[PDB]
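Report on one structure; see the data block that follows.
No lab work stands behind these numbers, since they all come straight from the coordinates. Cβ atoms come from the backbone with ideal geometry, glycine included; neighbour counts cover every protein chain shown.
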Protein chains: 2
Amino acid sequence: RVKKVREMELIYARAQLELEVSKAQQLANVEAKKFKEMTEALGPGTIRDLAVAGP
Amino acid sequence: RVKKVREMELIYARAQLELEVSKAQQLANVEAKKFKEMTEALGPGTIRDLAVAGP
């Protein structure tokens, strides 16, 4: 018992935790690409100029 | 008893703790690559300029 319940637990636990990391990959891919489109068409120097304003 | 319950505990304990470190590897790979895409297209000198603003 303590072997075969707890080992099917290991195998399903794999099937679910490569799952949560897959969720993390995909959501962070969307965050990534949509910051990239954000900054690249906002302006490479525009972000510098807007943050360097300290007069 | 105290041998064969506690040694199947060792073997499953392996199967689960190389597991938690595998979870750590994969989640930290996504964190890694998506900071890399972050900084490299944000700008190598942009991060310096935005942090060096102290006027």
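Things to note:
- Distance from the stretch B:1-25 to the stretch B:30-50 (C-alpha centre basis), Å: 38 Å
- Inter-copy label distances for A:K23: 1.2 nm (label point placed 7 Å from Cα along Cα→Cβ; shortest first).
- Rg(Cα) / (2.2 N^0.38 Å) computed for the protein assembly as shown, rounded to two decimals: 1.75
- The gain in end-to-end length when the B:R6 to B:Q25 segment is fully stretched comes to 4.0 nm, 0.36 nm per residue minus the alpha carbon separation.
- Relative to the other identical copies, A:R1 shows label-point distances of 1.4 nm, where the label point lies 7 Å from Cα along the Cβ direction and values run shortest first.
- Peptide B:3-11, shielding by other chains (average Cβ, 10 Å cutoff): 1
- Projection of the Cα convex hull of chain B, averaged over all directions and equal to a quarter of that hull's surface, yields 6.0 nm².
- Projecting the Cα positions of A:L27, B:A24, B:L50 onto the charge dipole of the protein assembly as shown (unit charges on Cβ atoms of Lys, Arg, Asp and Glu, taken about the Cα centre) puts B:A24 furthest along the positive direction.
- Look at the stretch B:36-44: the mean tally of other chain Cβ atoms within 10 Å of its residues' Cβ atoms is 4.
- Pairs over the 19 Å Cα-Cα cut-off, from the set A:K4/B:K4; A:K33/B:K33; B:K3/B:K23: B:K3/B:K23.
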